[PDB]
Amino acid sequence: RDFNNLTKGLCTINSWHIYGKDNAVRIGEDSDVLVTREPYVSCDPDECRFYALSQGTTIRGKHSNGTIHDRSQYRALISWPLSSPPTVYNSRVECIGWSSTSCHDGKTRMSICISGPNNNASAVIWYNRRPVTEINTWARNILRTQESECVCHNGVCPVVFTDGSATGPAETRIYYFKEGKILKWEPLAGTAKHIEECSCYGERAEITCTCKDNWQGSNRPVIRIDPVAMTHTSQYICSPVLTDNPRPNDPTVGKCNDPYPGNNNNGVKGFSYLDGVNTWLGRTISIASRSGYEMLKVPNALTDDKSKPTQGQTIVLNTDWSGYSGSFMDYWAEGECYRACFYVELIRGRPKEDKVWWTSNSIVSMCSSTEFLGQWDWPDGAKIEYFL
C-alpha cells in the first residue's frame, strides 16, 4: 500500500513467549527437508515466514555430505511458511547465493544474495521478485552481509555489507536502498573496529544493528542508523555482560569504544534490544562454544559500562546446541508498540556432532510479552543416533 514508517517505540519486554519452531532436523530424519544454516525470520504485511540459506540437498540425501562448508554454487536464500520445516516442496527461492538479507518495505520485498568465489563475489539486489541492482566486490575478499532481515523506513532500507579480512580491518559499507536502487552508501564510521553479520530492528524512525566484531571484540559492535538523513554511528555495547562467542568470562566493567579483548578471530552472529531500562541481551550460555542460549535484561547496556543483569530467561539449555541469533519484528501488527522478536539457530551436525557428515539446523523463535511468563527450554530435539 504505502511504505511502512517506523512510528512506534518497542513494547516493554517483561519476558519472552514462544513464537515459532520448525523442528526441522527431527522431521527431516524421514522427509524431504533441505539442509540449511544462517536462518532468520522476516514479515510481509500479511504473513511472517522462516528464511535460510539452503545447501541445495536434503538432510538424508547423500549430497548432505560436506554441508559444513559455507559457500558453494548450490546455496540459495529460501523462505517457507512460519514454523514449517524447509522442505523441497514448500520452499521458495528468493535468490541464489551464500550470504543474504531481506526485508519488506510495506509495498513489496527486497532480497539480497551474494555469490561468487572468494576474490570475485557480487551482490544482486532483487525487489518485487525481480533483479534490479548488482554490486561487485570492492575488497575482493568474501563480500558478505547480514544473514538476518534488513529494516525499512519510508521506502529506505539500509543494509550493512563487509568485504575484506575476517581477522584484521575490513571495508564495511552501509547502503541505503529504495526500490532496489542505491540511493547512497557510506563507509563505516564510529568506534566499531570490525563489523560482520548485523542484526537490526527499527523503532521511532531509527534503526539499531547489533553486529559482530570477528577480529577482536567479545562485546558486540552496534551501528545506529538514521534512515531519513541516511547517516549512522557505531560503538560497542558498554556492558560487562559480554555477548559474543567464544568469549572470556564476564568482567565487572566493559568497553564502550574498543573491542573487549581475550578472543581473536572468531564469533557468532547475535543481537540485542537496546532501549534504556527496557534493554535485553541474547547470548550463548557457554563461553567456549555455540551451546545453550539465554536472554538477559541489562538496563542501559549500550551506555553503562558496569551494567549487569536484572532479570533473565533461558531459551536453550547449555546441554543443547545453539548457533546464530537475530532480530526481527512484525511491523504490521496491531497495537501501539513494536513487539521485539528473535530467533536462535539450533545447529546440528558438524563440527560438534561429527558422527554424521552433514551440518544443518532448526529454528526456534520468540517475541516479547508484557507479562512475566514462566520459562521452558527449547532444544532442536533430534537424536543424531537415528541418522547413523
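Numbering starts at 1 and follows the sequence shown.
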Practice task
Compare the mean C-alpha B-factor of 255-263 with that of 83-91 as given in the PDB entry, and name the stretch with the higher value.
Solution key: 255-263
Exercise for the section: Mind pulling up the entry and telling me whether 283-291 or 95-103 has the higher mean Cα temperature factor? Expected result: 283-291
Completion exercise
One of 330, 334, 345, 32 has the largest Cα B-factor in the entry, namely 334
Practice task
Could you say whether, by C-alpha temperature factor, residue 77 belongs to the lowest, middle or highest third of its chain?
Solution key: lowest
Fill in the blank from the handout: On the chain's distribution of Cα B-factors, residue 215 falls within the third called highest
Exercise for the section: Report the third (lowest, middle or highest) to which the CA temperature factor of residue 199 belongs, ranking only the modelled residues of the same chain. Expected result: middle
Practice task
Report the third (lowest, middle or highest) to which the CA temperature factor of residue 44 belongs, ranking only the modelled residues of the same chain.
Solution key: middle
Fill in the blank from the handout: In terms of its chain's C-alpha B-factors, the third that includes residue 321 is the middle
